[PDB]
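This report refers to the structure that appears directly beneath it.
Here the Cβ positions follow ideal geometry from the backbone for every residue, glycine too, while neighbour counts run over all protein chains shown. Every read-out reported here was derived from the displayed coordinates using simple, explicitly stated rules and does not represent laboratory data.
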Ligand SMILES: C[C@@H](O)CNc1cc(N2CC3(CCC3)[C@@](F)(C(=O)O)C2)ncn1
């Protein structure tokens, strides 16, 4: 038993809700919140901009030190950093950004990072400003992640569409 409330169950291990991942995180304080990161951990907009703002920019400060030490992530890769006031940990995961021409097949590799964590609160990778089809992203999530994933979908309209088209 865990504290996630109001999710629709899609599969044995994947759950979905219409929620602001930021407000979902502040209430649940999950062990892991997933950020829709880029390789530079520049958290300017989309989910990343919203998460970072909710930490009062502490996420960005920590991220800049991480990059200064380690260099950029790989597309399809991830790193674990602090969850600040939102979660114990933040798993920064880089899905491909279609608006940069990145290969969509890397979306599966991105979701594989979730399997290193028993339970996660997460957005749909490569959705929103990353330019991928959220329905494809949901399919890859279901077909790749084996651990327990609670997906927060900000837009009520897309949420309804994802549920209604889910196979
Ligand atoms: C209130 C909002 O500002 C932040 N709260 C969100 C956003 C979100 N999206 C997902 C997405 C990141 C990968 C696709 C995104 F960038 C996009 O849909 O463009 C933003 N998902 C959950 N909560």
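What the table shows:
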read-out: Positions within segment 4-27 being surrounded by 17 or more Cβ atoms within 10 Å (Cβ to Cβ), within 14 Å of residue 84 (Cβ to Cβ) and more than 9 Å from the ligand (Cβ to nearest atom), in sequence order; value: 25
read-out: Pairs with Cβ under 9 Å, 6+ apart, first in segment 1-27 and without any contact (Cβ under 8 Å) to a residue 40 or more places away in the chain, second assigned to a loop (DSSP other than H, G, I, E, B) and surrounded by 18 or more Cβ atoms within 10 Å (Cβ to Cβ); value: 3/30; 6/19
read-out: Hey, residue 149 closer than 16 Å to residue 25 by Cβ, in contact with a strand residue (DSSP E or B) (Cβ under 9 Å, 6 or more places away or on another chain), more than 16 Å from the ligand (Cβ to nearest atom) and not in a loop (DSSP other than H, G, I, E, B) or not; value: no
read-out: Residues (part of a helix (DSSP H, G or I), farther than 16 Å from residue 76 by Cβ and either near the ligand (Cβ under 6 Å from one of its atoms) or under 12 Å from the mean Cα position of the chain (by Cα) (or both)) located in segment 117-139; value: 128, 129, 138
read-out: Strands (runs of 3 or more DSSP E) contained in segment 25-97 and holding at least 3 residues over 13 Å from residue 122 (Cα atoms); value: 78-82
read-out: Unique residue being touching a strand residue (DSSP E or B) at 6+ places or on another chain (Cβ under 8 Å) and either on the phi > 0 side of the Ramachandran plot or in contact (Cβ under 8 Å) with a residue 24 or more places away in the chain (or both) when the list is 120, 107; value: 120
read-out: Cross-chain or 6+ apart pairs with Cβ under 7 Å, segment 30-59 first and at positive phi, then crowded, with 23+ Cβ neighbours inside 10 Å; value: 41/63; 41/92; 46/36
read-out: Test: residue 163 is more than 15 Å from residue 21 (Cβ to Cβ), assigned to a helix (DSSP H, G or I) and within 15 Å of the ligand (Cβ to nearest atom); value: no
